[PDB]
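Engineer: fold the stuff below for me.
(2 chains, ligands or ions: 4)
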There are 2 protein chains.
Amino acid sequence: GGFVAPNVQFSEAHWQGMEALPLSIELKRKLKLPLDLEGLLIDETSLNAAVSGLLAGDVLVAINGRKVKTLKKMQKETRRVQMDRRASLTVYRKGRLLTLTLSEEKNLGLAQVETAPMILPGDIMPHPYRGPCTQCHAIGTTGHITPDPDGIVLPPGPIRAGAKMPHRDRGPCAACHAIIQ
Amino acid sequence: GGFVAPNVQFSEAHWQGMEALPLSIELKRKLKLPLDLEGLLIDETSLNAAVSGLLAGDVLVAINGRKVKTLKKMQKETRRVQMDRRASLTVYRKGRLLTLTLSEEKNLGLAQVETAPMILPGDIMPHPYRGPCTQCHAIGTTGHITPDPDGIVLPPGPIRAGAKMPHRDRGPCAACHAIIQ
Ligand code: HEC
Ligand code: HEC
Ligand code: HEC
Ligand code: HEC
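Structural biologist: Numbers count the residues shown, from 1 in each chain, chains lettered A, B, ... in the order given. Ligands and ions are numbered 1, 2, ... in the order given. Sure, structure below:
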């Protein structure tokens, strides 16, 4: 069944199109970032975060001049300003600290946080060692859909003999489709 | 450079530990769900969403009895109730509609939404055809960190001759580590 130690930590925060992660030593080493830089790695931007000029690989240092060194502290600052439409971001990028403005026409809202996915007891760690697995992962069967939908293969349909072919050439139609004739 | 058509749609919403996706025909077929079920597939739960009883594979049908058939409409309802501490969820699971209660001690907050990742022009679609790529993806180089950090290999360090071995046996130390001697 589903085991969750007292203390499963946050792994990501989602805020206005940005995905923010703790900036570990492992990431600092992987990304050739100063080893004493403190902040949150932005590994993805889209939507209002993309519009602000925020980029994947930026390190988020402060929101409204309040330092954010942990996802908890990021969430706290977003909660403070959640009903505002605009917030300042200080971002470390290739050596310079930039200020960027983040805005949404209704309200910025609370950053929504998540833990690392639930794992099976016999799951293979896809990353370097980071400590005891239950520090970061629930252990169980249910935390996400399996078989992963991403690997479920759908049958091509039946087709009527002489149907126009909507995809590129793939071979004789009957290799893949029941022919309704 | 970075091309974004007028109309890049939402792909996911993050709310209190749940990840919600539009429930497409493709997913309905993959998951053997009724083809006329309307709602949002929950593909991941953790944190307060896990505590409510919400499970990966659940379909979110309503929040506070307001139907949510699209991520926009989900976000709208969460915005309505963002300062509340509790909200009702109606969930389709294996044929039954359940009501679940979602709570956070401070406030539930706005669901934070994202688009599908930015792609290169020559990227290979990892999914079935779903229409023109620019309906769902920005096209460019920057939307996320590449080389993907997940595939960057870190060198094992130098080690002092006779250091205790913290990992299992992997072979002669010098195969992998500079020996400080
Ligand atoms: C011989 C020339 C044909 C014809 C006339 C068609 N097919 Fe295929 N088909 C395949 C797959 C995986 C799909 C799913 C769509 C996708 O993501 O590519 C399809 C789809 C079709 C359709 C549309 C189905 C629908 O109801 O919308 C039609 C009309 C169609 N095909 C006709 C796979 C294959 C193959 C596997 C190697 C082969 C061979 C073919 N198709 C061949 C043809
Ligand atoms: C011969 C018995 C040895 C000894 C004494 C050690 N190693 Fe390794 N090592 C390897 C990798 C990929 C790591 C990173 C940690 C991880 O995620 O597994 C390590 C780490 C170490 C350390 C700690 C490094 C640090 O500064 O914290 C130490 C003390 C250490 N090793 C000693 C990889 C390899 C190998 C690749 C096949 C081989 C062989 C070894 N290690 C062998 C040994
Ligand atoms: C945090 C300090 C972690 C510890 C300790 C462990 N894992 Fe982990 N894991 C972590 C994160 C943040 C992620 C997401 C991807 C990333 O590296 O950023 C992962 C991922 C996994 C996965 C894949 C899960 C999935 O995609 O569904 C597995 C199977 C996994 N981790 C296993 C694992 C094991 C066996 C561990 C201990 C021996 C372990 N992890 C430790 C964060 C952390
Ligand atoms: C929405 C209706 C989509 C259309 C049309 C296309 N893609 Fe897509 N893509 C979409 C989603 C929601 C996702 C995430 C995973 C999932 O299937 O749920 C994807 C993923 C990709 C990826 C991987 C991106 C990454 O992990 O960084 C690629 C490379 C990708 N899609 C390519 C692609 C191409 C070439 C398309 C048109 C011919 C295309 N996609 C259409 C949603 C949508």
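Engineer: in chain A, which residue sits nearest ligand 4?
Structural biologist: Taking Cβ to the nearest ligand atom, ligand 4 has its nearest neighbour within chain A at residue A:150, 6.0 Å off. The way it works is simple: take the backbone N, C-alpha and C, and place the C-beta from them, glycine included.
Engineer: quick one, helices of chain A?
Structural biologist: With DSSP state H, the ranges of helices along chain A come out as A:25-30, A:47-51, A:71-80.
Engineer: buried ones in the longest one?
Structural biologist: By neighbour count on 16 or more other Cβ atoms under 10 Å in any protein chain shown, the buried set for helix A:71-80 is A:71, A:74-78.
Engineer: how far away is residue A:95 from residue B:128?
Structural biologist: To residue B:128, residue A:95 is 43 Å away according to Cβ to Cβ, to the nearest Å.
Engineer: so if I had to pick from these two, which one is more boxed in?
Structural biologist: A direct count of neighbours by other Cβ atoms under 10 Å in any protein chain shown for residue A:95 and residue B:128 places residue B:128 higher, at 12 against 6.
Engineer: surely that one and residue A:154 touch.
Structural biologist: Yes - with contact defined as Cβ atoms under 8 Å, residue B:128 counts as touching residue A:154 (6.5 Å).
Engineer: give me the common contacts of those two.
Structural biologist: Common contacts of residue B:128 and residue A:154 (Cβ atoms under 8 Å, 6 or more residues apart in numbering or on different chains): residue B:26.
Engineer: my guess is the residue of chain A closest to ligand 4 contacts residue B:31. True?
Structural biologist: No - in this structure, residue A:150 is not within contact of residue B:31 by Cβ under 8 Å, at 11.8 Å.
Engineer: and the two? which has more neighbours close in?
Structural biologist: More crowded of residue A:150 and residue B:31, by other Cβ under 10 Å: residue B:31, with 17 against 10.
Engineer: and the gap between that one and ligand 1?
Structural biologist: 17 Å (Cβ to the nearest ligand atom, to the nearest Å).
Engineer: what does chain A have sitting close to ligand 3?
Structural biologist: Counting by Cβ under 6 Å from any ligand atom, chain A comes close to ligand 3 at A:11, A:116-117, A:119, A:123, A:125-127, A:130-131, A:133, A:135-137.
Engineer: may I see those residues organised as a markdown table, with neighbour count and distance to residue A:168 added?
Structural biologist: Output for those, formatted as a markdown table (neighbours: other Cβ atoms under 10 Å in any protein chain shown; distance: Cβ to Cβ, whole Å):
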| residue | neighbour count | distance to residue A:168 |
| --- | --- | --- |
| A:11 | 16 | 40 |
| A:116 | 19 | 39 |
| A:117 | 15 | 36 |
| A:119 | 19 | 39 |
| A:123 | 12 | 38 |
| A:125 | 10 | 39 |
| A:126 | 6 | 34 |
| A:127 | 9 | 38 |
| A:130 | 13 | 44 |
| A:131 | 7 | 48 |
| A:133 | 16 | 44 |
| A:135 | 12 | 48 |
| A:136 | 18 | 44 |
| A:137 | 24 | 42 |
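Engineer: what's the closest of the residues you listed to residue A:90?
Structural biologist: Nearest to residue A:90 among those, counting by Cβ to Cβ, is residue A:11 at 22.6 Å.
Engineer: quick one: contacts for the closest one?
Structural biologist: Neighbouring residues of residue A:11 by Cβ under 8 Å, 6+ apart: A:21-22, A:71, A:114-116, A:136.
Engineer: also residue A:65?
Structural biologist: Taking Cβ under 8 Å, 6+ apart, we find residue A:65 in contact with A:88, A:90.
Engineer: likewise the one 4 residues further on?
Structural biologist: With contacts taken as Cβ under 8 Å, 6+ apart, residue A:69 has the following neighbours: A:38-40.
Engineer: let me have these in TSV, adding neighbour count and distance to ligand 2 as columns.
Structural biologist: Shown next, in TSV, are the contacts of residue A:69 (neighbours: other Cβ atoms under 10 Å in any protein chain shown; distance: Cβ to the nearest ligand atom, whole Å):
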residue	neighbour count	distance to ligand 2
A:38	13	21
A:39	22	23
A:40	26	23
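Engineer: from the residues you listed, pick the one nearest residue A:87.
Structural biologist: Taking Cβ to Cβ as the measure, residue A:87 lies nearest residue A:40 of the contacts of residue A:69, at 14.2 Å.
Engineer: since that was my last question, I'll sign off now.
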